[PDB]
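Take a look at the structure below.
In what follows, every heavy atom counts, from backbone to side chain, and hydrogens, waters and symmetry copies are set aside. Proteins get letters first, then strands, A, B, ... in listed order; numbering begins at 1 in each.
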Amino acid sequence: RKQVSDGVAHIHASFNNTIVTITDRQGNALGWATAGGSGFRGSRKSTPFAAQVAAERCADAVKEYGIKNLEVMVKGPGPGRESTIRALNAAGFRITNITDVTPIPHXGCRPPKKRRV
Amino acid sequence: XXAXXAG
Amino acid sequence: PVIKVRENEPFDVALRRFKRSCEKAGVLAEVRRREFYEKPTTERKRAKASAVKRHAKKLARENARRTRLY
Amino acid sequence: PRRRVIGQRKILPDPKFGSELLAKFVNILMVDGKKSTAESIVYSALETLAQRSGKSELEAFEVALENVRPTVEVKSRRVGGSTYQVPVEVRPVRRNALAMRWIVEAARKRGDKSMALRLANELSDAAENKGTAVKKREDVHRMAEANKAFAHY
Amino acid sequence: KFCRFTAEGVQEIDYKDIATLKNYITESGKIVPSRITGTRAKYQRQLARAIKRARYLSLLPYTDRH
RNA sequence: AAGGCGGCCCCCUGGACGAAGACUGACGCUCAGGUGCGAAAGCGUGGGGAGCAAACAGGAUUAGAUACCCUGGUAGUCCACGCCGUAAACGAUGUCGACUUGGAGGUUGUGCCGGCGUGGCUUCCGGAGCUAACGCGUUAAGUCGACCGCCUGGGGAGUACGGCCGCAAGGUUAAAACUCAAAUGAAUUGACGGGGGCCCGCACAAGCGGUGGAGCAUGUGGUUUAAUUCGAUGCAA
RNA sequence: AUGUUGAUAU
Ligand SMILES: [K+]
Ligand SMILES: [Mg+2]
Ligand SMILES: [Mg+2]
Ligand SMILES: [Mg+2]
Ligand SMILES: [Mg+2]
Ligand SMILES: [Mg+2]
Ligand SMILES: [Mg+2]
Ligand SMILES: [Mg+2]
Ligand SMILES: [Mg+2]
Ligand SMILES: [Mg+2]
Ligand SMILES: [Mg+2]
Ligand SMILES: [Mg+2]
Ligand SMILES: [Mg+2]
Ligand SMILES: [Mg+2]
Ligand SMILES: [Mg+2]
Ligand SMILES: [Mg+2]
Ligand SMILES: [Mg+2]
Ligand SMILES: [Mg+2]
């Protein structure tokens with residue numbers, strides 16, 4: 001609706017799933033897409049390809065706002081870290097920054113117990 | 001079991 | 001890690017420089033480490049084992065340099 | 001095989017048109033070593049196709065193959081019980097091999113009178129993208145695109 | 001490698017000397033290993049204490065993202 | 001000292017080490033009983049409770065699944081004070097002292113001028129010697145001395161009974177009958193592994209044609225018979 | 001992911 005030239009892409013690349021939210025620089029969400037939303041479930045959902053498609057659909061979601069340049073904020077260890085960023089570049093945008101914003105505690109809280117698979 | 005083997 | 005894409009830089013190059021920065025800071029390794037709790041005994045055992053590997057490498061590495069295979 | 005010292009065996013070209021592509025088609029059609037029988041069915045069928053198109057025999061055959069030839073296919077890799085159908089590019093030799101095999105398989109399950117007719121009709125449907133052979137090509141492409149995720153290992 | 005603090009013959013690393021301390025942190029703000037910088041163990045311990053004092057006084061950052 | 005101890009700052013405080021002397025003058029070593037400290041879990045009283053998580057619940061998986069996996073989740077994990085007194089509390093190696101070839105480090109003092117010494121603690125290798133062997137090897141499992149603790153086939157049993165301790169959980173001290181001809185350590189050759197590596201075979205894959213259904217031939221099993229002669233009967237009848 | 005068992009003596 002209201003035009004935003006300069007935006008921020010946030011990539012929540014978990015092991016199971018990739019969420020791409022494009023916000024403005026004040027962190028207000030304009031649109032989003034997920035690998036899970038984009039016709040991939042289970043094994044396929046957690047692929048770089050499913051994240052690629054999620055990124056494309058997120059670009060289409062924010063076509064109206066007229067975003068030109070993006071700062072990328074990458075989070076988490078997932079498959080869809082780099083494939084997401086390539087896709088946002090491939091879908092028009094000028095990538096100005098790339099920044100890892102993965103939370104790391106400086107010690108923090110005891111993680112869950114190891115899985116005995 | 002089998003009321004008591006290897007075949 | 002925090003890449004400014006500099007003026008007159010290909011994205012592909014800048015992305016490679018981001019991968020470098022993350023692998024240098026060791027973000028993914030840090031995440032995988034902290035995914036599950038490691039008991040202190042487990043932590044200590046792997047630290048010991050890693051040291052012994054590197055040592056038993058170093059000594060036996062020199063042995064390979066000396067002796068002929070053929 | 002393991003040692004993997006397998007070239008290509010010398011296929012003699014067909015007598016009529018001198019096409020090794022068509023010589024392979026006869027082989028794929030042939031049963032019980034009855035090559036003479038197979039050649040007659042093909043040449044009969046190509047004649048019929050050449051009339052209905054007015055394209056030439058080999059050229060009408062090429063249009064049939066062009067539509068039935070696959071580009072990608074899936075190969076099964078089992079990963080922890082579940083079966084990952086990984087898409088792979090088909091090599092040019094295998095493209096023709098699959099194209100021809102599908103056409104003959106399609107023709108054989110038709111309910112026309114002779115094989116030569118069944119074959120002519122299937123090549124005709126292939127050229128206009130209607131028959132079971134192009135449906136097979138579509139199905140193979142469908143699975144490949146469905147499993148495009150697993151291509152990028 | 002080689003240790004600058006042995007070379008100069010320093011007594012304390014000093015938390016106030018930010019120009020020096022900045023050489024022994026990463027871009028991320030993390031303290032660099034002695035195996036990388038070639039610092040002597042004794043000074044590495046002093047340097048860590050100095051960096052941690054500086055981080056408290058907000059002369060150095062804790063991390064790249066504040 | 002052991003258990004253990006990890007952001008930064010201050011306060012109180014213990015030990016170790018080194019260099020120069022000076023001082024006391026065998027004041028030492030060990031130590032049954034005794035006393036203290038002693039991970040985690042646990043217990044009591046009062047706090048706290050983010051994250052995690054016995055129990056528990058649900059979802060899966062499965063023949064079942066009172067599990068592993070998933071979603072939750074209470075005690076607990078945290079603090080104060082008190083209790084418990086045990087751990088593969090391990091170097092499975094008691095303490096103290098002396099002596100006996102080397103090499104490469106780490107760490108922390110120090111002397112002489114980057115080198116050359118000299119102390120402390122420590123990691124790895126290895127010589128003699130020792131050892132059943134594995135290995136240990138100046139930080140000994142070598143060579144000796146002092147004192148203490150402890151063992152005497154496997155099981156029954158670290159159990160019973162009694163005592164002591166404990167709020168309890170239990171701890172601690174600690175038998176017997178009975179039963180067996182073993183149980184055990186280290187190493188050796190194999191074999192095996194849902195261990196690793198490297199290879200091969202129509203072993204998979206890629207294909208083509210079959211078998212399993214039909215009728216018949218034929219063999220076998222079974223049943224039947226007076227007899228249905230005897231043998232072959234996973235692959236390899 | 002899971003994925004049990006193999007009568008006695010010789
Ligand atoms: K049973
Ligand atoms: Mg989890
Ligand atoms: Mg005593
Ligand atoms: Mg406790
Ligand atoms: Mg309590
Ligand atoms: Mg309470
Ligand atoms: Mg759980
Ligand atoms: Mg004990
Ligand atoms: Mg012991
Ligand atoms: Mg040794
Ligand atoms: Mg008892
Ligand atoms: Mg008692
Ligand atoms: Mg096969
Ligand atoms: Mg049959
Ligand atoms: Mg018989
Ligand atoms: Mg006989
Ligand atoms: Mg017999
Ligand atoms: Mg078994």
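Between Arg53(E) and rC9(F) there is a side-chain polar atom (N or O) within less than 4.0 angstrom of OP1 or OP2. The shortest distance between the side-chain N/O atoms of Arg45(E) and the OP1/OP2 oxygens of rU108(F) is below 4.0 Å. Under 4.0 angstrom from either OP1 or OP2 of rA203(F) there lies no side-chain N or O belonging to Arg2(D). Between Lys58(C) and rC125(F), a side-chain N or O to OP1/OP2 separation shorter than 4.0 Å is absent. Considering only side-chain N and O atoms, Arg101(D) lies under 4.0 angstrom from the phosphate OP1 or OP2 of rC208(F).
The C1'-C2'-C3'-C4' torsion of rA88(F) is negative, so its sugar falls on the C2'-endo, or south, side. A negative value of the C1'-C2'-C3'-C4' dihedral assigns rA141(F) to the south, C2'-endo side. North is the pucker class for the sugar of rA187(F), given a positive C1'-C2'-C3'-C4' value. Using the sign of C1'-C2'-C3'-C4' as the criterion, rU100(F) is classed as a north pucker. For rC52(F), the sugar pucker falls north, since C1'-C2'-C3'-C4' comes out positive.
For the criterion of Watson-Crick or G-U wobble pairing, both bonds shorter than 3.5 Å, the nucleotides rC52(F) and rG76(F) count as partners. A Watson-Crick or G-U wobble pair does not link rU13(F) to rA63(F) when both relevant atom distances must lie under 3.5 Å. Taken together, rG129(F) and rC121(F) do not qualify as a Watson-Crick or G-U wobble pair under the 3.5 Å criterion applied to both distances.
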Please report the C-alpha distance between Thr83(D) and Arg78(D) in whole Å, then the side-chain angles of each, then the deciding distance to 0.1 Å, and finally whether the side chain to side chain donor-acceptor pair (under 3.5 Å) criterion is met. CA-CA 4 Å; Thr83(D) 61; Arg78(D) 291 91 64 70; over 6 Å; no
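For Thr102(A) and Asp100(A), the side-chain atoms include at least one donor-acceptor pair closer than 3.5 Å.
You'll find the side chain of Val8(A) stays beyond 4.5 Å of the side chain of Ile22(A), heavy atoms only. Using a 4.5 Å heavy-atom cutoff, the side chains of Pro1(C) and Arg20(C) are not in contact.
Atom NZ of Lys109(D) sits in a crowded spot, with more than 12 heavy atoms from other residues, nucleotides or ligands closer than 6.0 Å.
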Dot-bracket encoding of pairs in RNA chain G, which uses [ ] for pseudoknotted crossings and | for another strand, Watson-Crick or G-U under 3.5 angstrom: ..........
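When ring centroids are compared, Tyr24(E) and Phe5(E) come within the 6.0 Å threshold.
Figure legend: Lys45(A) and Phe40(A) shown without cation-pi pairing, the cationic atom not lying both under 6.0 angstrom from the six-membered ring centre and within 45 degrees of its axis.
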